[PDB]
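Everything below concerns the one structure shown next.
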Amino acid sequence: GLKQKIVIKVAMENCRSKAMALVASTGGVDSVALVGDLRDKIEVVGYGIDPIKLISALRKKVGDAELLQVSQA
Amino acid sequence: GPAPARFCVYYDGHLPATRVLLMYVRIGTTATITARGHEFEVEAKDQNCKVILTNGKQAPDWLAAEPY
(Lines give C-alpha, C1' and ligand atoms only; values in the text may rest on other atoms or scores of the structure.)
Protein backbone atom coordinates (compact mmCIF):
# COMPACT_ATOMS: atom_id res chain seq x y z
CA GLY A 1 0.00 0.00 0.00
CA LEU A 2 1.96 2.98 1.36
CA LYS A 3 5.68 3.45 0.80
CA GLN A 4 7.56 3.38 4.08
CA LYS A 5 10.71 4.91 5.33
CA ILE A 6 12.24 3.44 8.51
CA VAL A 7 15.49 4.58 10.21
CA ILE A 8 17.09 2.38 12.85
CA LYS A 9 20.19 3.18 14.90
CA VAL A 10 22.17 0.02 15.46
CA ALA A 11 25.24 -0.67 17.59
CA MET A 12 27.60 -2.35 15.13
CA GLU A 13 31.26 -1.64 16.00
CA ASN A 14 31.46 -7.32 9.69
CA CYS A 15 28.73 -6.05 12.13
CA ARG A 16 27.55 -3.40 9.61
CA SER A 17 27.54 -5.97 6.78
CA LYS A 18 25.59 -8.49 8.91
CA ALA A 19 23.02 -5.88 10.01
CA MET A 20 22.58 -4.66 6.41
CA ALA A 21 22.08 -8.16 5.00
CA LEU A 22 19.52 -9.04 7.75
CA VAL A 23 17.57 -5.89 6.82
CA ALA A 24 17.79 -6.64 3.03
CA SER A 25 16.37 -10.12 3.74
CA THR A 26 13.36 -8.72 5.62
CA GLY A 27 9.86 -8.90 3.99
CA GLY A 28 8.81 -5.86 1.92
CA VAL A 29 12.27 -4.15 1.73
CA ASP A 30 13.18 -2.38 -1.55
CA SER A 31 16.38 -0.58 -0.35
CA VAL A 32 18.75 -0.46 2.67
CA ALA A 33 21.34 2.30 3.10
CA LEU A 34 23.95 3.05 5.78
CA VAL A 35 23.54 6.71 6.86
CA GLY A 36 24.92 9.02 9.60
CA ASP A 37 28.44 10.42 10.20
CA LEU A 38 29.37 7.30 12.15
CA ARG A 39 27.46 5.12 9.59
CA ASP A 40 25.60 3.61 12.59
CA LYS A 41 22.03 4.13 11.21
CA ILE A 42 20.15 2.11 8.61
CA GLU A 43 17.57 3.64 6.31
CA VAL A 44 15.00 1.11 4.96
CA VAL A 45 12.50 1.87 2.24
CA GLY A 46 9.77 -0.41 0.94
CA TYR A 47 6.16 -1.55 1.40
CA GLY A 48 4.40 -3.68 4.07
CA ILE A 49 7.49 -3.84 6.21
CA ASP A 50 6.90 -4.91 9.81
CA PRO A 51 9.12 -2.67 12.01
CA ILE A 52 8.39 -4.58 15.22
CA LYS A 53 9.66 -7.92 13.83
CA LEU A 54 12.60 -6.07 12.19
CA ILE A 55 13.81 -4.44 15.47
CA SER A 56 13.56 -7.74 17.41
CA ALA A 57 15.55 -9.68 14.75
CA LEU A 58 18.27 -6.99 14.83
CA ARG A 59 18.39 -7.06 18.67
CA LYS A 60 18.31 -10.92 18.50
CA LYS A 61 21.16 -11.36 15.96
CA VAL A 62 23.25 -8.19 15.80
CA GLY A 63 22.96 -5.91 18.87
CA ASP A 64 20.97 -3.03 20.35
CA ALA A 65 18.74 -1.32 17.79
CA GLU A 66 16.18 1.46 18.23
CA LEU A 67 13.60 3.00 15.96
CA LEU A 68 14.53 6.63 15.08
CA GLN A 69 11.91 7.18 12.45
CA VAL A 70 8.92 5.57 10.84
CA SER A 71 7.14 7.55 8.17
CA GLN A 72 4.72 6.59 5.44
CA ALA A 73 6.65 8.95 3.17
CA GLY B 1 20.98 -24.55 -7.21
CA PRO B 2 20.68 -21.11 -5.46
CA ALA B 3 17.63 -18.88 -6.12
CA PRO B 4 18.35 -15.85 -8.39
CA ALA B 5 19.86 -12.90 -6.47
CA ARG B 6 17.15 -10.53 -5.29
CA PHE B 7 19.34 -7.42 -4.67
CA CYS B 8 22.26 -5.47 -6.11
CA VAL B 9 24.74 -4.28 -3.42
CA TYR B 10 26.57 -1.03 -4.21
CA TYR B 11 30.07 -0.07 -3.02
CA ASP B 12 32.46 2.83 -3.28
CA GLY B 13 35.52 0.84 -4.48
CA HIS B 14 36.42 -2.44 -6.18
CA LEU B 15 38.72 -4.04 -3.57
CA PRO B 16 37.11 -6.13 -0.79
CA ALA B 17 39.55 -4.95 1.93
CA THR B 18 39.00 -1.19 1.27
CA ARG B 19 35.62 -0.70 -0.45
CA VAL B 20 32.89 1.09 1.41
CA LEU B 21 29.40 -0.49 1.52
CA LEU B 22 26.69 1.97 0.39
CA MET B 23 23.29 0.35 -0.27
CA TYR B 24 21.23 -2.74 -1.11
CA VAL B 25 18.69 -2.15 -3.94
CA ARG B 26 16.04 -4.67 -4.89
CA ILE B 27 16.44 -6.01 -8.43
CA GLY B 28 13.58 -4.51 -10.41
CA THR B 29 13.60 -1.20 -8.43
CA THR B 30 15.40 2.16 -8.59
CA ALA B 31 16.97 3.99 -5.59
CA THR B 32 19.09 7.09 -4.92
CA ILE B 33 22.62 6.46 -3.61
CA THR B 34 24.47 9.13 -1.67
CA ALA B 35 28.23 8.97 -2.08
CA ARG B 36 31.22 11.40 -2.00
CA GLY B 37 28.67 14.13 -1.31
CA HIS B 38 26.60 13.47 -4.47
CA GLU B 39 23.43 11.57 -5.48
CA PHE B 40 23.31 8.77 -8.05
CA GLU B 41 19.88 7.34 -9.07
CA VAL B 42 20.51 3.71 -10.04
CA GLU B 43 18.38 0.97 -11.51
CA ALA B 44 19.13 -2.52 -10.26
CA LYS B 45 18.21 -4.29 -13.56
CA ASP B 46 19.17 -7.92 -13.07
CA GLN B 47 21.57 -10.40 -11.34
CA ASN B 48 24.56 -9.09 -13.36
CA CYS B 49 24.29 -5.95 -11.18
CA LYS B 50 25.75 -3.57 -13.77
CA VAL B 51 25.89 -0.05 -12.27
CA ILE B 52 23.23 1.74 -14.27
CA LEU B 53 22.19 5.37 -13.86
CA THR B 54 18.46 5.87 -14.51
CA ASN B 55 19.30 8.84 -16.86
CA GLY B 56 21.30 6.56 -19.20
CA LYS B 57 24.61 8.27 -18.48
CA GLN B 58 27.86 6.63 -17.42
CA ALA B 59 28.32 6.13 -13.70
CA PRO B 60 31.60 7.03 -11.91
CA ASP B 61 34.42 4.35 -12.17
CA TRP B 62 34.50 3.90 -8.37
CA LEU B 63 30.81 2.80 -8.11
CA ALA B 64 30.58 -0.99 -8.12
CA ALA B 65 27.80 -3.49 -7.49
CA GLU B 66 27.37 -7.23 -7.07
CA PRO B 67 24.36 -9.54 -6.59
CA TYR B 68 23.05 -10.66 -3.18
Side-chain angles (χ1 to χ4, degrees), chain A, chain B residues 2-68:
Chain A
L2 244 191
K3 182 180 246 172
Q4 303 162 285
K5 185 185 200 195
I6 298 163
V7 186
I8 305 184
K9 189 176 99 172
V10 189
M12 46 190 174
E13 302 290 336
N14 59 82
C15 246
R16 287 188 166 65
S17 160
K18 184 161 142 67
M20 290 282 287
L22 186 164
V23 175
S25 291
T26 303
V29 167
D30 294 334
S31 68
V32 191
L34 279 174
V35 305
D37 303 323
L38 273 41
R39 287 170 74 249
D40 60 338
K41 294 173 227 286
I42 296 176
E43 179 170 332
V44 197
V45 175
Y47 298 83
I49 302 165
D50 188 327
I52 299 304
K53 286 212 183 95
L54 179 57
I55 285 281
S56 46
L58 285 160
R59 288 175 177 182
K60 251 267 325 188
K61 293 160 152 38
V62 176
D64 196 30
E66 58 158 346
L67 277 180
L68 297 180
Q69 180 189 346
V70 171
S71 70
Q72 313 226 319
Chain B
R6 281 181 62 258
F7 286 86
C8 292
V9 185
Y10 296 80
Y11 294 90
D12 177 351
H14 296 265
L15 306 172
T18 65
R19 67 188 171 167
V20 179
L21 171 67
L22 300 176
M23 183 165 329
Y24 281 63
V25 182
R26 181 163 73 78
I27 287 161
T29 76
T30 78
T32 295
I33 294 163
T34 287
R36 309 195 174 180
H38 308 285
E39 289 186 338
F40 303 93
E41 193 185 49
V42 294
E43 177 193 30
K45 207 94 149 63
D46 57 50
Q47 6 296 112
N48 299 117
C49 288
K50 194 192 187 316
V51 175
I52 299 179
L53 295 191
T54 60
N55 69 4
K57 302 185 162 152
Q58 193 68 192
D61 305 305
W62 50 256
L63 185 59
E66 59 191 41
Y68 165 99

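Per chain, numbering begins at 1; letters A, B, ... match sequence-line order. Only heavy atoms go into these numbers, but all of them, side chains included; no hydrogens, no water, no symmetry mates.
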Over all atoms of both residues, closest heavy-atom pair of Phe40(B) and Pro60(B): CE2-CG, 3.4 Å

Pair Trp62(B) + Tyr10(B): ring centers closer than 6.0 Å: no

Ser71(A) side, atom OG; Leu2(A) side, atom CG - distance, nearest 0.5 Å: 10.0 Å

Rounded distance [0.5 Å steps], CE in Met12(A) versus NZ in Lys41(A): 9.5 Å

Within-4.5 Å side-chain heavy-atom neighbours: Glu43(A) and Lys5(A): yes

Non-hydrogen atoms of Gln4(A) and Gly48(A) that approach each other most closely: OE1-N, 2.9 Å

Residue from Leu21(B), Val51(B), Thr18(B) passing side-chain contact (heavy atoms from CB on, under 4.5 Å) with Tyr11(B): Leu21(B)

Residue pair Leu58(A) / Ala65(A): nearest heavy atoms and the distance that separates them: CB-CB, 3.9 Å

Check: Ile33(B) main-chain N/O paired with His38(B) side-chain donor or acceptor under 3.5 Å: no

Side-chain touch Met20(A)/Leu34(A), heavy atoms, less than 4.5 angstrom: yes

Residue pair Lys50(B), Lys45(B): steps toward the side-chain contact (heavy atoms from CB on, under 4.5 Å) verdict: CA-CA 8 Å; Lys50(B) 194 192 187 316; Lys45(B) 207 94 149 63; over 6 Å; no

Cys8(B) SG to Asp46(B) CG distance, which is reported to the nearest 0.5 Å: 7.0 Å

Exercise: identify the closest heavy-atom pair between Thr26(A) and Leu22(A): OG1-O, 3.0 Å

Straight-line distance of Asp64(A) CG to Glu66(A) CD, nearest 0.5 Å: 7.0 Å

Heavy-atom closest pair, residues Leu22(B) and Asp12(B): CD1-N, 3.6 Å

Contact check, side chains of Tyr68(B) and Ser25(A), non-hydrogen atoms, under 4.5 Å: yes

Distance, nearest 0.5 Å, that separates CD of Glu43(B) from CG of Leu53(B): 10.5 Å

Side-chain touch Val44(A)/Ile49(A), heavy atoms, less than 4.5 angstrom: yes

Interatomic distance, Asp30(A) atom CG to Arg26(B) atom CZ [nearest 0.5 angstrom]: 4.5 Å

Donor-acceptor under 3.5 Å (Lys18(A) side chain, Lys61(A) main chain): yes

Minimum side-chain heavy-atom gap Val10(A)-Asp40(A) below 4.5 Å: no

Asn55(B) vs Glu41(B) side-chain heavy atoms within contact, under 4.5 Å: no

Residues, nucleotides or ligands: over 12 heavy atoms within 6.0 Å of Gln58(B) CD: no

Audit row: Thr30(B), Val42(B), side-chain contact (heavy atoms from CB on, under 4.5 Å) steps and yes/no: CA-CA 6 Å; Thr30(B) 78; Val42(B) 294; over 6 Å; no

Residues forming a salt bridge (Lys or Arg N to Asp or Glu O under 4.0 Å) with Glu66(B), sequence neighbours excluded: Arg19(B)

Side chain proximity check, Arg6(B) to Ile27(B), heavy atoms < 4.5 angstrom: no

Minimum heavy-atom distance between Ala64(B) and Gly13(B), given as atom pair plus value: CB-O, 3.7 Å

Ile42(A) side chain reached by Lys9(A) side chain, heavy atoms, under 4.5 Å: no

